[PDB]
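Peer 1: This block holds the first chain(s) of the complex, placed as they are in the complex; more will follow:
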Amino acid sequence: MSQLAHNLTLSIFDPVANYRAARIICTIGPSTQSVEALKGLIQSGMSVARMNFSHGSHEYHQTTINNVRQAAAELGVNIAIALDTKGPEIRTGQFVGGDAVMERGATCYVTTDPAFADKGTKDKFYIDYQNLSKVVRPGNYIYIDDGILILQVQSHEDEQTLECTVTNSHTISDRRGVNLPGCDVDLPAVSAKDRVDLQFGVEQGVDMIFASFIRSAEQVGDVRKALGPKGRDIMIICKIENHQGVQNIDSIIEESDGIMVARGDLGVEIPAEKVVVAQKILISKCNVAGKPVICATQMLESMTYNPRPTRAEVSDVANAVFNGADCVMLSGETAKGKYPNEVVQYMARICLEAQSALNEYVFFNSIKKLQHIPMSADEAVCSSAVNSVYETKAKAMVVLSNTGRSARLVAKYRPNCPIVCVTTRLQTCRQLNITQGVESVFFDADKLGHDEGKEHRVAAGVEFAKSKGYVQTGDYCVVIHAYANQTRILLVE
Amino acid sequence: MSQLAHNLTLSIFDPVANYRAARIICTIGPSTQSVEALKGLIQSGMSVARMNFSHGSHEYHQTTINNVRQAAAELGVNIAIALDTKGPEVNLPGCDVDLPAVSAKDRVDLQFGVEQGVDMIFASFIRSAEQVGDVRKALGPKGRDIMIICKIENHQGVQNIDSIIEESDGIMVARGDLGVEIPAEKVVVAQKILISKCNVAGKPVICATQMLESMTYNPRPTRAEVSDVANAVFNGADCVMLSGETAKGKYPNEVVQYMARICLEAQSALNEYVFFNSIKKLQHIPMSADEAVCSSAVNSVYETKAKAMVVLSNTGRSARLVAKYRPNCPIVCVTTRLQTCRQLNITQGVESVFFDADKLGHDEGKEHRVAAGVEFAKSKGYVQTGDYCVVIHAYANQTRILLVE
Amino acid sequence: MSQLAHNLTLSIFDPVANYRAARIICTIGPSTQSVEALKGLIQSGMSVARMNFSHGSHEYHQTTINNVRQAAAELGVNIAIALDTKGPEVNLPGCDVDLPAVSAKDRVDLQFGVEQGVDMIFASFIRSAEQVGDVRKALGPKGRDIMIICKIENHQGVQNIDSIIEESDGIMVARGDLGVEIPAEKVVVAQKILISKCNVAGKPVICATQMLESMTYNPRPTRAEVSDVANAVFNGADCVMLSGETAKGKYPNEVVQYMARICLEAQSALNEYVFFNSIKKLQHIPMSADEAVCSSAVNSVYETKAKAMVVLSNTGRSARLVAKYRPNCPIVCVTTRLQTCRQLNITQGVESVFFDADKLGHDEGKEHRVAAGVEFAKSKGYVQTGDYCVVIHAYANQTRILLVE
């Protein structure tokens, strides 16, 4: 019950853990779409395949869906498939000649008038967010092109047009994206494109949605609506990208099935040092709520084209694990990168190294101390189950969970041993790929039996733990099953 | 306590702490050697000026020494001067290197440091405990008050860390040098181990090398570099170091200003009570009076929500011993020695007020010193009328909980 | 937790607990030997009938045995029968007495106990651990399931208490006998030591002699006697004993009714969580599965505010192991053995439900036994629809937190 105290007992020469808890999400692109590249990516350490719907067509992502499924079947594994929406955007219009040279100290005008959409100049151009005039006060800032161009609003010239000062010299081109830092953007949760994309994901049976630009709890339910009745079991992981998402994180977590800390997106509007703190907050909040949380963007970026990443990047990845992250994400590194297998292998190695220094008992003790008394049964059973692991120095857990609820609930309390989930659902096997320290074994109930006495499923989990070398004769194994409200401290034969 | 539970209570839109605890060490080079550039550094947040004795001549470093003192005197502040030795010198990564502790150049350079009254030594490439004794005897009797801070550069320094910490006056964690033979992931962990051990031992720890290296020739650092600095603070670092960014860099002031900004932001998130409670719980009972006095004083801060501490300490020993227990308020050290003011610049959360015992009084009742400490705490806006201030003085064996008038 | 902090939360005008945890042992004599007088005792709160073999003949005690079984059968309950030996026999108070563990009469009386199927022995004047083995071999192989409860009567019993507790199945604290050679004030302390040690060992402890002695010939006890009983409960006694008050007394029922009243009132004040937390904190980590299971089960009671526990235990070992951790709710033991029902009458906070495995089923899935336990807990009004009930069963290695229908 102290990371500091745990640090004192550590030695960087002692062998690393016999299991890696943290999970790796790789983005699939030109470098990784083929079956063999995926087979290499899985073997490297991929648990979840991310599809970026900012780019590519339905036919393109269809082959991704196909290839992942074939590479999963050929290696005898279950791989989660994630759909990352493009999301709603605020962009500039077009320009005459393509460019707009913005000199420092110059005055320019931004308008929501659609007549200027096709004919923008350096003096006056279009921004497609109709509510820009009522959202932005004078004194506020407009960021254009990944926050490189910074304009300051001086005054409302009319109903649609704002007078601005160019604060720094930078050239912009056609349809560059804009940000309104410190302004409340009221764009709909899902774009017209999203609605079409989300329906494709449901029709193809995606395991989860990484929902872009989530700003309030109301929006989480809008994505739910957009998924329809046939996708009620698809997880919604909400991407926090601006101050709104940070400000409303409590109610958003409550509605979401999980959170993605998108540091790159956040760092456009918020200073980088505050985003680092926002990361700490968001991860800890998710750990308390039992929901999966992903540390995403700018993870090991230099390795996209270099054989090895910078020392600071490695540090960043380890501290993601130290923060308490369920998952670490890779974007361009696996999508457009030169070292797809290599970047995943090293990230896996960094997670494992951090995990070997991490003190899980701190997580267990903190989360348990925060729980309101009286606890509900499911909460009591899972926390006690993890307590028993520490109490008896058990070497594995077996959780029987159909939906994944109690598997996640157990994982929350952070035992210092592998969790084996035995489940009657393949969707569950896949969706648990974003929860740390859990590995799933599928039990075909319609083939093998209803297993009402639970004997077979428990036996299946114990065998898996024996096969991976977690337990042996004489070891204790904490079994928790049916929610799930029952616990045994089993002696492994 | 926990960091986790504290993280839940936080908002990034809240105002940051009204004081910065972590200290900034700047390497002095061509782009920062002039008195006007040093004034820029001091105002930007430099607490310690470092001289890299791998490069340059005694005359070049004499200029550094002279200009630092001139710059500090003009701004009415006290700045530490550090001498970073060249050391003994290709690397062997599963072999134990038995090169001499200090080179012939080192023994000469170290004598130069004594003559020029440096505050501290950054002794390079320390592998064992006896090697600290070599730096000690090389500094002679005239430099026995100079702090020896050990640079951990290889596995040997890590493996023997406990004996090295005991002999030294502090530790420098040179990530880059460690990275040559030890994988980067293991260096991140070694950093935690080394920093945590130094906190328990109550000895200054410096997080050095590859801090904001991109900012040497770029106006802003990479996002990963920012996090590295913040996490250095979160680990429990007393100090953060800038090498090439201030010595040969293009933005000497901006980098120091930004490192200051990151440290303060990280500190605003940091739960000081975790440090206090952890370090308290590791203490053998029975305690020694001075240890018990200092830990109780910090406990009294948390229990009464005191907004400042005042520590009377000539040597700075009890000033360091108080900072060890990490109160969530500023510490003000009232000292009769100017070298202590400078030497405390590597200890976090402490600010020094010089009291001229030669031209005021010995202050046996200690009233004038304490009042001077409170007035500085009023001056910086830490405390106002109605606030509590925990005063610890003389091993400093007396505690007062004082109501600010 | 604390008793102190709990004391602040209390009001004497609040209703008392809906169950009595402490158990009452009654000595059977002339004024209570008849089946109608024993029915009076059982209804008044007798859990254990004691036979003093210092007086009386085998035929007299045979009547006691017969009448107790008849009385219990008519009231549909299970009552324990205890055989308190005469022992070896002036006293020496700084000298170690090496009289034989059991006398010739004892060996004969103990064989009588086996033949008549007594539940437990109160072995008199136990001084060492080997003396327990003497009682064991005297009881033979046919009485190997009979509990040996040791009477601590002199300093030797106190000095060797740790080895005696380990060998025995429980301890009797005979204040009066201790008082002969040990000052009364030191006996009060010895009582605490002995009772606390027995709680940690998870073995029954009886507070005996001079309990309500005034009530033998008076309608009410002295105020000091009342407090003595209450403080016996507060100390952590499983049982409280009546000697002459029920055997030769004038108010056999009233005294038992009053002892019951005092125990319940004391229990209403008692903080069970202090016992749970203290006894938990003394456990060596790693734990054994059965120990961890039982302690977790009680922890689950406190965390979910379960109103009852159901323990499946043939021998009663896990029933005792659960009661060891002192939940603030009733424990219900479902057992296939009638001797266990009787033997659990010296363990606090446990009530037994007999399950006839010969004329119902073995119940491998254990469903019928658990349901029988819940139904009794419903019957006594401990739990209703919506309440939680912690079920521990098979070393009993499986825990369930069940919602009552």
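Peer 2: Great, that's in hand. Numbers count the residues shown, from 1 in each chain, chains lettered A, B, ... in the order given.

Peer 1: do stretch A:389-399 and chain C meet?
Peer 2: Yes - residues of stretch A:389-399 contacting chain C under CB under 8 Å from any CB of the partner chain: A:390, A:391, A:392, A:393. The C-beta positions use only the backbone N, C-alpha and C, and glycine is treated the same way.

Peer 1: For those, pick the one with the most neighbours.
Peer 2: Within the residues of stretch A:389-399 next to chain C, residue A:391 tops the neighbour count with 24 neighbours, counted by other CB atoms under 10 Å in any protein chain shown.

Peer 1: That one: which element?
Peer 2: Using DSSP states H and E, residue A:391 sits within helix A:377-392.

Peer 1: Who does the following helix or strand past that helix pair with, and is each partner parallel or antiparallel?
Peer 2: Per DSSP H and E, helix A:377-392 leads on to strand A:396-400 as the next helix or strand towards the C-terminus. Looking at strand A:396-400 with DSSP bridges, its partner strands are strand A:419-423 (parallel), strand A:476-481 (parallel).

Peer 1: Go through the ones you listed and pick out the most buried.
Peer 2: strand A:419-423 (a mean of 27; mean count of other CB atoms under 10 Å in any protein chain shown).

Peer 1: can you give me how far whatever helix or strand comes next after that strand is from the chain middle?
Peer 2: Going down the chain from strand A:419-423, the next helix or strand is helix A:426-431, by DSSP H and E. Here the centre of helix A:426-431 is set off from its chain's centre by 17 Å, with CA atoms, centre = their mean, to the nearest Å.

Peer 1: Return the set of buried residues in helix A:426-431.
Peer 2: For helix A:426-431, the neighbour count (16 or more other CB atoms under 10 Å in any protein chain shown) marks A:427, A:428, A:429, A:430, A:431 as buried.

Peer 1: Extract the C-alpha set from it and format it as PDB.
Peer 2: The C-alpha trace of helix A:426-431 is given here as PDB (Å, rounded to 0.1, in the frame of the first residue of the first chain):
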ATOM      1  CA  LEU A 426     -17.400 -15.100 -28.400                       C
ATOM      2  CA  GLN A 427     -18.400 -11.400 -28.500                       C
ATOM      3  CA  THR A 428     -17.400 -11.300 -24.800                       C
ATOM      4  CA  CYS A 429     -14.100 -13.000 -25.500                       C
ATOM      5  CA  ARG A 430     -13.400 -10.200 -28.000                       C
ATOM      6  CA  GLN A 431     -14.800  -7.200 -26.000                       C
END
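
Peer 1: while you're at it, add chain D from this line:
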Amino acid sequence: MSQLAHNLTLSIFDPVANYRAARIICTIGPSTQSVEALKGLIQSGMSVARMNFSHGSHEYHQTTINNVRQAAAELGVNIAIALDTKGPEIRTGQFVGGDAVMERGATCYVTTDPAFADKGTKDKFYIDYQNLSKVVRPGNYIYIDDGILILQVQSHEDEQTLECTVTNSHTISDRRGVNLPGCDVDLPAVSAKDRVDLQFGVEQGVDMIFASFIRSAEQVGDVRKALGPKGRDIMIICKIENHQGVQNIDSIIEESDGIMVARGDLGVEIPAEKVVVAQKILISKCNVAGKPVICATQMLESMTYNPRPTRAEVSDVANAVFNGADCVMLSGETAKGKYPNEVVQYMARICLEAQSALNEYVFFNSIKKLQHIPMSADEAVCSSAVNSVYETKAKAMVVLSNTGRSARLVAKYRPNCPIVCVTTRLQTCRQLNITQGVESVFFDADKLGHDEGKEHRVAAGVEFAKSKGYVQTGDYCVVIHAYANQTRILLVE
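Peer 2: Putting chain D together with the chains above:
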């Protein structure tokens, strides 16, 4: 931090403490009034002389006041003098022939009509509490003569007379005292006699009042008023005698300077087993509030005429200490008893024995955990001071306190070592005699100096601790002085 855990480490053969913390109050009567009997009583273990103003005249108690002061001066000690008020009472009237034979099942009538005061019979008699008709409902009980005669009210016969059933056979005589269990008695805080007696106590300079029959917080201030301006420094110890006092204990403690648990008085109206619990509550509440609490009445009663007390009585005394009592009281045992020196000696021995088994750290930890944060300075300094004792295994404390406030405040947190109080006031030396674990040293400020640097007073305390053999060269001594807001861990030379 567990009495249970502490019990495990105990051995009844290990030598007892080097100091007795608990304080003994002896009642002075026919057996103890003379100087030599008091000199024997002090040497036996008396700290406070109790004067019972239920009996005796002003001239009688005057000699007590005198003799105590002479016996104190002759032994070089400071002895506290306590005035115990008679209090307001509800009594029956007189009877014809002196007796009234009350047979079970009989009907009788109680009236508040003053015409029946001098001529009572078995059928109808007087009770002097005018508000009896409005206070007592039918179904309630009237206790007469130490609760031996029990009447049950059947009905209101008229405005002044109640019909009653005699529930048990018992003969009563003239002016026997009555109790109304479960009824709210609204008699004034102080009787006419009390007002005269309290003024005598102020004029003679008594250290404290044991105020009888305290039922509410308002009443505590009435005694204060009755003491006048010249007695504002006289402690008010409130005697809790019925359910009202128990029900209102929180506000009564807040106003009082301390509490007396009068078990005998309480046990008249409340079942004995509930009074035992009431004792636990009241003592613990006082310990938290920092006020002295006395366990009184029926302490070692059989020793009034027997050479040795019953085993249960010894047990009762020890458990008084275990409960957390500051003081243990003696009534008839020292007043009218045959063994005045003997009863005090044994009580002292029992307290010391209990103290040797008691775990003070439990008291320290519990009380400290309950303190609201932020603490005030005085609270912080004293608790830290006691913490330092445990932290450094110090062997004595020195508290510089003029009024006694910080001495009491330190004593509250229960260090496992003697507290030495250095004070500029003799009244303070005396009044601290009811606070456990504290011994006072008088420092004549007008004679020796104002000691603004505190050096002399601290030196005086340390010497006393050395003289009593508490500390020696090498030992740590925790000094706390000026309220008092300063602490030193001093190395004893």
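
Peer 1: Please reconsider the buried residues of helix A:426-431 now that chain D is part of the model.
Peer 2: Per 16+ other CB under 10 Å, helix A:426-431 contains these buried residues: A:427, A:428, A:429, A:430, A:431.

Peer 1: Equivalent analysis for stretch A:187-200, please.
Peer 2: The neighbour-count check on stretch A:187-200 (16+ other CB under 10 Å) flags A:187, A:189, A:190, A:191, A:194, A:197, A:198 as buried.

Peer 1: Test my guess that residue A:358 contacts residue A:321.
Peer 2: Yes - between residue A:358 and residue A:321 a contact is recorded at 6.5 Å, counting by CB atoms under 8 Å.

Peer 1: Now chain A against chain D: closest residue?
Peer 2: Going by CB to the nearest CB, chain D is nearest to residue A:369 of chain A, at 15.2 Å.

Peer 1: What's opposite the residue nearest the centre of chain A in the beta bridge?
Peer 2: Per CA atoms, centre = their mean, the C-alpha nearest to the average position across chain A is that of residue A:294, at 3.1 Å. Under DSSP bridges, the beta-bridge partners of residue A:294 are residue A:260, residue A:327.

Peer 1: Quick check: it touching residue A:25?
Peer 2: Yes - using CB under 8 Å, residue A:294 is in contact with residue A:25, at 6.5 Å.

Peer 1: Might you report the residue contacts of residue A:223?
Peer 2: Residues near residue A:223 by CB atoms under 8 Å, 6 or more residues apart in numbering or on different chains: A:189, A:190, A:198, A:209, A:211, A:236.

Peer 1: number of nearby residues for the residue nearest to it when sequence neighbours are not counted?
Peer 2: Leaving out its chain neighbours, the residue that sits closest to residue A:223 by CB to CB, 6 or more residues apart in numbering or on different chains is residue A:211, at 5.0 Å. Residues within reach of residue A:211, counting by other CB under 10 Å, total 27.

Peer 1: for residue A:114, same thing?
Peer 2: Residues lying near residue A:114 (other CB under 10 Å) number 12.

Peer 1: Please apply the same query to the one 4 residues further on.
Peer 2: For residue A:118, the neighbour count with other CB under 10 Å is 11.

Peer 1: can you check residue A:463 too?
Peer 2: Neighbour count for residue A:463, taken as other CB under 10 Å: 13.

Peer 1: Then the one 3 residues further on?
Peer 2: The number of residues packed near residue A:466 is 17, by other CB under 10 Å.

Peer 1: Phi, psi for the residue lying closest to it once chain neighbours are set aside please.
Peer 2: Closest residue to residue A:466 apart from its sequence neighbours, by CB to CB, 6+ apart: residue A:472 at 6.8 Å. Backbone torsions of residue A:472, given as degrees, to the nearest 10, read phi -150, psi -180.
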